[PDB]
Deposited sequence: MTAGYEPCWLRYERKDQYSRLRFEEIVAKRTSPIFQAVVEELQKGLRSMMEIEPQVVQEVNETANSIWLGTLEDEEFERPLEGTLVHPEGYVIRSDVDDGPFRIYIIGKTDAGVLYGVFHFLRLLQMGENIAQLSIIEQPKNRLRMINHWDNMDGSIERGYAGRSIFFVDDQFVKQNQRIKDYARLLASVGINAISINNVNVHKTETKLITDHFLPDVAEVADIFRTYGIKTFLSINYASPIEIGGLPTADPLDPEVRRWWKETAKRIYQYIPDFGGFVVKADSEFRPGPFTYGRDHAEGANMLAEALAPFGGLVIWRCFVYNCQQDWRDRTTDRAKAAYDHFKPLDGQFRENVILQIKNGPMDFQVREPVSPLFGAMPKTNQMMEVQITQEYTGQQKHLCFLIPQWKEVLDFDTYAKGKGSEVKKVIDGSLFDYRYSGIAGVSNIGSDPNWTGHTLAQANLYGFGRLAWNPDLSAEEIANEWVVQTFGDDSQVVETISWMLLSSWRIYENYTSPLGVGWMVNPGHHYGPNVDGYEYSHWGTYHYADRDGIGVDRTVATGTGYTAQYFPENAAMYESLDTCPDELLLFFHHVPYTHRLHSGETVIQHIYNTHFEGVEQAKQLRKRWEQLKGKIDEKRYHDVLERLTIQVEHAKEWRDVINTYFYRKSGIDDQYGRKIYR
């Protein structure tokens, strides 16, 4: 009772929306099967007020829900016969005229778990299940969540409370919330999780030692029952820090042995350990080694056990416009294609910079046919409102996933790159930086729950529309009142564009306060060593990334996209300032001058934020008071901060451009 059930409400149905079932046939007794049966019992009891008896053999005359794998079937029907994916499943209603039977057939126990959550999802959404014929197989092998939780309880870039894993440099004593968290993750198909910050500090470095492994294993045991593999972010300098060795050089014989022994030790506690997430003071480059050498060493240590190495892909001068941070990732990793071991997967952010409200797609996707790749997206809203401002990230992620790289001609969308189909990747997928914390509503902003849900849905099937994902989430979280559904869906679907409207313009990004990264500060990092510049001056703004006159970044894309961005007239408006430096008077495809566009979206974005609040207020009475006010409080905070964003950006550019707002709206001198 300390936290919300999020989208797994299982609200009691009226007398006209019940189902008649007397038994649940559980064909297996595995740990996963016990959790799945429990979940099914929980949902049916809560929603239908029924308590079917769990049995292991079907009763020919009872209405039942059958749970099992192909191997448990008496007759293997054609549909489930086409399943090839281990986590896939089939759900079909028996077509006989006798007892009502629902068959949930999974290729493996994991498949049954996801099938049962799909079945429950159908019930929460009020779907007619009299004649089901469903087949589902996830597109991404890895559907992972990265936690930036520290063991002192803090969470790097965490805006939803303290960690639910650690406290006072120890694991929390009560694991009930970890179980409920596992349930939420599994309901949306998430099958992997790294429980600690990628920036591994002193105490966290010890997670790979006997001192903490027992607690790590207890947590992994919980996730295992929900089909989730556990990973740990590691400190590359561990051999020195805790091993006593004089070096961390991946080529040093003893360092290689140390990691092999460490791997062996971990698997003694966690037989199905997922592997290591790596952000590499000492490191590969510290010894003149490349990423392949550094990643392959860890890969070799985990190989005998089936573990994976997730290798995630800073003192540059603002004075030199020839150097471009956006080009770094590609320039550093592309040349390494083909040198990585099979169990190494390069983790690349959606964009080449750092999770800005809008960034073009990282050129690395589609550029390394011989190297597994998985995309990293940020669920926690570091540069997208920090859960103060509403920002449904699903539409943005779909734009990235559907981006055609043309790597192998038309039809080489990012999603085909990371789902492994385009290049036959053995291991690949997508990862998301957790947006949860100890807050009772899990995500700080009640509506941010939609981003966690949505992440899982896209990870399972990138082809799902933003519209249906929002619909599913709203209906399960707030009910089916058509006004509530339409209003909240509209809020979610338009939120990202609204936030972008009053923040950084036309894809140039940043313009945020340094450090905490919250709020407007146009020149915040403009003269820093982070390579994040907009180069705004009294005549124009933008980064010239063209080959003709700029950094040449455009050439990292394949011909079709390179030419699109390379040209000043074809470059889409939404990314113009990321690719070209232009005069304030330059006219966009929309007809607006760059400067007037800035004023327009900032004034209008605030008005759109006020509308978000107005529409929510009109739902009062149709939502419980607690959550109604929890969200209203944040929408009001959003409106007020949006005003600051608007005025600071408008004033900065009026002071620099000297050009007034076409409509004479209020710009403070």
Regions of the deposited sequence not represented in the model: 1 to 2, 283 to 286, 320 to 323
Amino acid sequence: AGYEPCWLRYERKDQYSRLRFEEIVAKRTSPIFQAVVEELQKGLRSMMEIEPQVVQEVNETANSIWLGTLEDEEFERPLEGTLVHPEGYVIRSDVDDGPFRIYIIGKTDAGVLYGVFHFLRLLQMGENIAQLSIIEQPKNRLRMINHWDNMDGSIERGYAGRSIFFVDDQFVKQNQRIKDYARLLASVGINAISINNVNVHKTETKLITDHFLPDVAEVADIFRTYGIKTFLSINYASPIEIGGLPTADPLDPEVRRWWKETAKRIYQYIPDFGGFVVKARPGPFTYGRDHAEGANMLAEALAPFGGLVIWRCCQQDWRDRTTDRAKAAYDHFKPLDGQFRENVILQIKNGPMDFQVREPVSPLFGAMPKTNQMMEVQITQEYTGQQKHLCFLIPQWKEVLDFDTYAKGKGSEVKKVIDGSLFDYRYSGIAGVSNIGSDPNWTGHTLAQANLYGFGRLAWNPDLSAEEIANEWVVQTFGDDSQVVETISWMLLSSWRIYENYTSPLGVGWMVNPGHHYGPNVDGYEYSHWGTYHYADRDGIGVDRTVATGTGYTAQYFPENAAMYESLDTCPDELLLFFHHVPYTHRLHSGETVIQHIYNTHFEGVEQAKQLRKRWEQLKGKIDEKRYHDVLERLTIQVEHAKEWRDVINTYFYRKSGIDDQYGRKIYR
From here on, numbers count along this sequence of modelled residues.
Mean temperature factor over C-alpha atoms, higher-scoring stretch between 289 to 297 and 77 to 85: 77 to 85
163 to 171 set against 469 to 477, stretch whose average Cα temperature factor tops the other in the entry: 163 to 171
Residue selected from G509, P583, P352, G515 by maximal Cα B factor: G515
Options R457, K107, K327, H534 - largest CA temperature factor per the record: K107
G98 CA temperature factor, ranked by third within the chain: highest
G542 by Cα B-factor - lowest, middle or highest third of the modelled chain: lowest
For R358, the third of its chain into which the C-alpha B factor falls: lowest
For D439, the third of its chain into which the C-alpha B factor falls: middle
Assigned third (lowest, middle, highest) for the C-alpha B factor of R312: highest
